[PDB]
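# Topology and contacts: notes
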Amino acid sequence: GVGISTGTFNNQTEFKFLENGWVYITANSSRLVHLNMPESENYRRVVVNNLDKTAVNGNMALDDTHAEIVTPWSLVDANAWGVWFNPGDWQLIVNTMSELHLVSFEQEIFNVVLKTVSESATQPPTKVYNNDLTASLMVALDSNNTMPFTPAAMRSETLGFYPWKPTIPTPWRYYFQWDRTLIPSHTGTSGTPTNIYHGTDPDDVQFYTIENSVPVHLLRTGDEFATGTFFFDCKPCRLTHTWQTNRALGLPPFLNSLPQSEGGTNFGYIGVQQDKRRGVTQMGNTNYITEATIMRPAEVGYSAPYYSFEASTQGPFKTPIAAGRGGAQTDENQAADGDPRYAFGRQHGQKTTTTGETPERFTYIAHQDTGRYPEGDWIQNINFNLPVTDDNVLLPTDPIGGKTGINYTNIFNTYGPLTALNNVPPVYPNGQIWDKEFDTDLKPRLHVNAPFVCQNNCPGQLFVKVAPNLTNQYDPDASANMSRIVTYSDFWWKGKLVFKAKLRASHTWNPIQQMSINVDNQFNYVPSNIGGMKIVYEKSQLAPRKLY
Amino acid sequence: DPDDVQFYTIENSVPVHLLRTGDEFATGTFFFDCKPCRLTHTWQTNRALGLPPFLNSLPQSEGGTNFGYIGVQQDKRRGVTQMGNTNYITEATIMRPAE
Amino acid sequence: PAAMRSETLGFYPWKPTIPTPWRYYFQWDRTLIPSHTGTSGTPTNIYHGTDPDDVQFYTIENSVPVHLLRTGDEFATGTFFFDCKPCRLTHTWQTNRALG
Amino acid sequence: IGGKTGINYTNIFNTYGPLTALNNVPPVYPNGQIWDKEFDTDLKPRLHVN
Amino acid sequence: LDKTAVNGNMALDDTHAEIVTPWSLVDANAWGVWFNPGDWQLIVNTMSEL
Amino acid sequence: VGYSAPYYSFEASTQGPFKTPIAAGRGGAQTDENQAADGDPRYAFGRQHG
Amino acid sequence: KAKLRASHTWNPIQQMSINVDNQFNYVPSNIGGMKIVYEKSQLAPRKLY
């Protein structure tokens with residue numbers, strides 16, 4: 001029936017508590033989605049090459065060169081934490097929960113409406129909107145994962161986070177292979193290094209088309225679409241942060257003299273001469289046992305070359321790392337590498353009533369201190385003669401290559417068989433939830449963008465398109481653009497994402513750190529005098545957990 | 001080093017079959033447990049993982065010099081980077097799933 | 001694990017042994033910029049304290065049952081079963097130059 | 001390296017990769033440790049040195 | 001601070017924070033607690049894996 | 001077989017510098033105690049333990 | 001034991017084929033000389049992510 005509804009709005013979060021301290025969290029999300037017909041119906045192979053920016057010696061990190069295929073479809077993405085949780089629900093979770101399992105995901109398109117636009121061309125402009133009871137909306141769910149995975153979170157291009165604001169899909173595009181050579185330079189280098197785009201190797205050509213690879217449904221106003229329930233197989237995610245670094249693992253030394261009266265200046269003393277002590281050290285040629293030299297079981301965290309850019313065929317890129325600075329939670333200006341910095345618009349958090357194309361940004365400083373403090377590291381000769389001398393110690397202030405701004409910590413890697421590290425914390429709201437595992441034979445131990453990893457497969461991407469509404473004047477033999485009736489679709493999209501969490505328990509006398517509303521953040525959770533919302537970022541691993 | 005010495009002899013370690021001109025020896029079927037081997041290569045590098053940026057201004061006519069453009073000033077862009085101390089989002093700087 | 005400090009039980013049955021005073025680490029933020037015999041002045045050697053988000057004050061009393069053994073009582077832990085991987089009592093000499 | 005006459009490239013060098021074959025630590029009688037607890041981290045070390 | 005204030009002694013750092021409890025720990029996670037030299041001789045000379 | 005590491009690397013974190021642990025020590029050090037170097041543990045102990 | 005390949009894309013992928021620049025590498029010579037040239041294995045492409 002033309003006038004029969006095919007679905008119901010649902011944005012409730014239901015916490016069905018269950019035996020053994022577990023809780024099934026079913027996140028419902030609903031959105032009115034607005035879709036226009038594509039600029040063209042043709043798959044386009046477009047190449048970007050910003051030789052102007054990189055021609056300036058010293059700017060090679062600004063290389064946007066690439067190739068892509070701009071498809072006539074659009075992508076519906078619900079893979080951001082802000083499509084399923086308001087700040088209250090996130091508080092409930094990250095305060096009262098310890099672990100979080102992804103269970104299932106569904107989505108369905110319903111109440112499809114297609115309209116047409118006609119313009120009068122009268123001296124005072126005016127235009128009218130008419131419904132189409134016969135137009136179709138093309139829907140395609142790529143369940144076999146034949147298409148490339150393009151998680152729109154990276155571009156802040158998922159659906160909106162507000163249940164009461166309409167959203168739009170992202171015009172889907174995917175990469176096309178390309179070679180590219182860009183020798184790095186510096187301000188003051190002569191001439192111009194080789195900055196060349198060489199085209200595409202035939203070995204790597206892959207042109208995917210939804211029409212030729214996925215079933216498509218011609219939905220009308222009285223038709224509906226559902227995906228079916230897809231069950232995840234991801235490893236559990238932990239909502240608690242480890243704080244112990246290598247110096248905080250094991251049995252501390254016995255104190256042979258303790259403070260007699262309380263006070264910040266009354267320290268205690270081990271009271272045993274350092275080379276006369278007892279214990280286990282891997283430093284085999286020295287008798288000194290000190291907190292910096294006592295054997296620890298393994299290593300927490302690793303050092304990586306920071307602000308390294310590596311180059312492969314496609315061009316330079318940055319080397320990713322698991323975590324950033326340790327103890328940098330106080331200041332955003334000291335985040336440095338590792339910690340992710342998000343930029344996004346009014347759909348995804350920025351005060352919806354702001355003006356201008358500048359986005360809103362922040363840097364996520366995680367609570368887990370699995371990081372490094374490069375200005376504290378040093379190498380010294382094996383002979384370990386103390387106190388050390390200039391020639392036998394490589395301080396972070398010693399230039400490498402004669403460059404005063406570079407030091408060995410920039411080129412210094414320590415990931416070995418003894419490394420231990422954690423998965424990336426969830427980022428709310430602008431963070432990804434799940435990411436596909438690489439189809440490489442040997443796999444990375446984690447991903448930096450999504451706390452969960454699809455071990456085998458994870459849900460297909462939903463593609464939408466407004467079916468070509470053709471004028472009578474159509475001739476496929478012409479090279480000119482297809483004449484089309486201006487058409488667009490407002491359709492409701494509903495999702496159901498199921499989690500499972502475990503309720504936390506206190507192991508300590510002291511209380512722990514929790515999310516709370518306070519006067520310094522009161523107004524970030526309520527609409528303004530003109531209805532302008534914003535969703536600020538939230539931590540996810542407040543409570544401490546014992547590493548060892 | 002004496003502690004590392006290992007001298008082997010076939011005679012003292014394996015049963016030896018004496019095969020005359022009228023004899024034959026068969027080893028017997030062996031069953032492997034090896035991991036699968038893929039006869040396809042992977043062309044993507046870090047620069048080609050994920051969703052490309054939306055090209056605000058596509059080309060209008062074909063030609064070797066007719067490149068597309070993104071249209072948004074780099075410091076003014078939207079997305080994610082691990083370089084937490086800078087606003088620039090670029091194809092060389094944007095976060096990628098792994099390496 | 002007391003082995004790291006050589007504070008485990010003794011190794012002779014005929015010599016009595018003492019237990020070790022138990023302690024555990026708190027959380028301290030501490031910075032120390034390395035130097036050499038030749039650096040000028042004194043680089044930062046600062047202790048910052050504790051960040052409230054890493055504080056964990058455990059007590060035995062509030063976490064574990066306590067058994068009050070008088071001069072005629074006994075306490076048996078109960079058998080535990082391990083799940084470790086095997087250890088080898090043999091070594092490898094082959095380096096890369098000796099493979100194949 | 002860096003002009004320090006007693007620091008050579010081998011001091012800042014790492015050759016660990018997808019090809020490293022290495023063994024577990026041998027027991028040390030009598031001051032060695034017998035067992036250890038695995039760290040409660042999401043990604044865990046391949047061996048303990050203790 | 002006194003020891004580490006001397007330039008070039010950073011390796012001798014011992015600073016830390018600990019909780020001193022009224023409890024004592026019984027630890028038998030060492031080899032000598034269990035095996036005498038003769039038993040070790042036997043295990044290491046006659047056994048391959050443990 | 002085996003790997004190289006930035007031996008006697010000290011790495012700083014929130015709690016202060018620590019020595020980057022390595023799995024195994026030198027090769028050929030069995031013939032000279034002066035070349036024990038990193039990797040191979042050194043045990044210090046008392047009259048309860050040897 | 002192997003699995004046959006499918007075609008996930010519009011384009012034709014690369015394949016090994018005899019061509020005039022390489023035909024004589026697979027036939028004996030007038031004096032009976034054989035040679036076996038090396039052949040690539042992973043000709044077909046696949047999507048990584």
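Residues numbered from 1 in each chain as written, not as in the entry; some residues may be left out. Chains lettered and ligands numbered in written order. Part of a larger assembly, values for the part shown. Heavy atoms only, no water.

So, about the overall build of chain F. Each helix and strand in chain F was counted, giving 0 helices and 3 strands. Helices (α) and strands (β) of chain F occur, in sequence order from the N terminus, as β-β-β. Radius of gyration (C-alpha) of chain F: 14 Å, far over the 10 Å computed for a compact globule of 50 residues. Its C-alpha atoms give chain F principal-axis dimensions of about 35 × 35 × 20 Å. For chain F, buried positions account for 52% of its 50 residues. Summarising the internal contacts of chain F: among those between residues at least 6 apart in sequence, 10% fall at separations of at least 24. Put simply, chain F shows about 2200 Å² of open surface, and 42% of that area lies on carbon and sulfur atoms. Here chain F contributes 4 positively and 5 negatively charged side chains, and the mean placements of these two sets differ by 8 Å. (Helix = DSSP H or I, 4+ residues; strand = E, 2+ residues; numbered from the N terminus. Rg over C-alpha atoms; globule rule 2.2 N^0.38 Å. Buried < 20%, exposed > 50% of the residue type's maximum accessible area, 1.4 Å probe, protein only. Contact = heavy atoms within 4.5 Å. Areas by Shrake-Rupley, 256 points an atom, 1.4 Å probe, with all protein chains shown as cover. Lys, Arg positive; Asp, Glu negative; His and termini not counted. Charge placed at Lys NZ, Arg CZ, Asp CG, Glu CD.)

Tallying secondary structure elements over chain G gives 0 helices and 1 strand in all. Seen through its C-alpha atoms, chain G measures out along the principal axes to roughly 50 × 25 × 15 Å. Residues counted as buried form 20% of the 49 residues belonging to chain G.

Attention now goes to empty space enclosed by the protein. Residue and element names in this part refer to chain A. Within this model, the largest cavity holds a volume of roughly 290 Å³. As for the largest cavity, its lining consists of 28 residues, of which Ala322, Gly338, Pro340, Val424 and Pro425 are closest to the centre. The volume enclosed by the second largest cavity comes to roughly 150 Å³. Surrounding the second largest cavity, 15 residues form its lining, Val76, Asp77, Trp434, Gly460 and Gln461 being those nearest its centre. Elements with a contribution of two residues or more to the lining of the second largest cavity: β4 (66-76), β5 (97-119) and β29 (461-466). Of the residues belonging to the lining of the second largest cavity, the class tally is 9 nonpolar, 5 polar and 1 charged. (1 Å grid on protein atoms, 1.4 Å probe; cavity = no way out; pocket = protein on both sides within 12 Å on 5 of 7 lines; lining within 4 Å. Points joined across faces, edges and corners; volume = space filled by probe spheres on them. Nonpolar A, V, L, I, M, F, W, Y, C, P; charged D, E, K, R; others polar.)

Burial in helix α2 (residues 87-96) of chain A covers these residues: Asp89, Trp90, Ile93, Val94 and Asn95 of chain A. Where α2 of chain A is buried, its residues contact β1 (13-17), β2 (22-36) and β5 of chain A.

This part takes up the pattern of salt bridges. Residues and elements named next belong to chain A. The full count for this structure, using the stated rule, is 32 salt bridges over all chains. Residue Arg325 pairs with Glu375 through a salt bridge whose shortest N-O separation is 2.9 Å. Here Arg325, found in the loop between β19 (315-318) and β20 (341-344), pairs with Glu375, found in the loop between β21 (360-363) and β22 (378-380); they are 50 residues apart in sequence, far enough to count as distant. A relative accessible area of 23% places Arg325 in the partly exposed class. (Salt bridge = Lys/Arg side-chain N within 4 Å of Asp/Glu carboxyl O.)

Strand pairing in a sheet relies on backbone hydrogen bonds. The paired strands run either parallel or antiparallel. The strand order across the open sheet formed by 4 strands is β23(A)-β22(A)-β1(F)-β2(F), and the pairing between neighbours is antiparallel. Because the sheet does not close on itself, it has two edges, and the strands there are β23 (393-394) of chain A together with β2 (18-19) of chain F. By the bridge criterion, 2 bridges tie β22 of chain A to β23 of chain A in an arrangement that is antiparallel. Counterpart to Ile379 of chain A in the pairing with β23 of chain A is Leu394 of chain A. (Pairing = 2+ DSSP bridges.)

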